[PDB]
């Protein structure tokens, strides 16, 4: 019944009319409260690649990502790429990837991820050197899914408490593409040169 689901799946861009659905879906995935303006931006702004997967015409999954130059990476994650990659270097940040619970394990998430990769390849060619994202420490399912897909856990991000707000702890996961890699230690060089 459901298991036929991929056969009935289509892909389309998110749009403004989807905002209520997106809030509901995002809300199911995590408890965070994004502002209305955020939802408006991801749905409508071309700067983001926002792609929905629909089952029988209804959204059951989405991926939202931004392709950006390396200088746009937040300092917490500044060390994902080695210094020898130029400021012109690009990365893709996955703001959100999610699939409705009933529809998981049907390949929808994989399809969304692959579509992003295809988009990057077309759009940025070899210039984009990494895809990175944040996951909550608690998301076993997500972590397993990314790890199986060659993402590496770059580092732990601690709880953040400030007058500005509060952040839960998390991990940064990175998939390197087109020769991208993290900064190398003396030992890393020693091995490459040494052998």
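Positions refer to the first chain, counted from 1.
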> Should the higher mean CA B-factor in the entry be assigned to 43-51 or to 154-162?
Replying inline: 43-51
>> Mean Cα B factor from the PDB record: higher for 31-39, or higher for 62-70?
In response: 31-39
> Hey, what third does residue 185 fall into on Cα B-factor, ranked over its chain?
Replying inline: highest
> In terms of the chain's CA B-factor thirds, is residue 94 lowest, middle or highest?
Replying inline: lowest
>> Lowest, middle or highest third: which one holds residue 75 when the chain's residues are ordered by CA B-factor from the entry?
In response: middle
>> Per the entry's values, where does residue 14 land by CA temperature factor relative to the rest of its chain, in the lowest, middle or highest third?
In response: lowest
> By its CA B factor, does residue 174 count among the lowest, middle or highest third of the modelled residues in the chain?
Replying inline: lowest
